[PDB]
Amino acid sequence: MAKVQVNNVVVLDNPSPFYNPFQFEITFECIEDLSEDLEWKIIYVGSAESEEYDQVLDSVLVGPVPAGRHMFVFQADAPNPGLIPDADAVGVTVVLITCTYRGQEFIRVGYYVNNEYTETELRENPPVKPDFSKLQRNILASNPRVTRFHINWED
């Protein structure tokens, strides 16, 4: 039934400065010569309080997909700090990697991300306004969350 199956996601360049682009090595399997494109997205949760502060870092259309095992590195630019509420800038947040077929999301891989200052003085006495040039992004890559959804694969 499910034409596409995500086998693995590897977090590359981690930890890294806040401004470095995200890099995930994704491996997936395709059952047939999939008729429509697969739409991969990297979504950054800018604020746990509201979905309005989500930033879609990149949206990619992969296809035609021939039947078989495939692997690619999904790279996406770091979020725009100008849209992140200061209260949510430092500490834990989530980055999501989703895939969508025919406008239906079928997989969501989430990673908890902890943004922290690297200097001891800044860790103990954080600036009034976050300094994204001094933040390090530490993705909690040993604990990924995978959620699969039932979609209509028929054409």
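The term rigid core refers to the maximal set of C-alpha atoms that superpose within 1.5 Å between the two forms. Residue numbers run from 1 along the displayed sequence.
**Student:** Any chance you could tell me whether 59-67 or 113-121 drifts more in 7 other deposited structures of this protein, judged by RMS CA distance from this form after superposing on the core?
**Tutor:** Comparing 59-67 with 113-121, the one that moves more in 7 other deposited structures of this protein is 59-67.
**Student:** Overlaying the structures in 7 other deposited structures of this protein on the rigid core, point out which of 83-91 and 29-37 has the bigger RMS C-alpha shift.
**Tutor:** Between the two stretches, 29-37 moves farther in 7 other deposited structures of this protein.
**Student:** Comparing 39-47 with 117-125, which stretch shows the greater average C-alpha B-factor in the deposited entry?
**Tutor:** That would be 117-125.
**Student:** If you rank the chain by CA B-factor, which third does residue 98 end up in: lowest, middle or highest?
**Tutor:** Lowest third of the chain for residue 98's C-alpha B-factor.
**Student:** Residue 83's Cα B-factor: lowest, middle or highest third of the chain?
**Tutor:** Its C-alpha B-factor belongs to the lowest third of this chain's values.
**Student:** Sorting the chain's CA B-factors, does residue 132 end up in the lowest, middle or highest third?
**Tutor:** For residue 132, the deposited C-alpha B-factor lands in the highest third.
**Student:** Would the CA B-factor of residue 69 place it in the lowest, middle or highest third of its chain?
**Tutor:** Ranked within chain, residue 69 CA B lands in the highest tercile.
**Student:** Please rank the C-alpha B-factors of the chain's modelled residues and tell me whether residue 105 sits in the lowest, middle or highest third.
**Tutor:** As the PDB entry reports it, the C-alpha B-factor of residue 105 lands in the lowest third of its chain.
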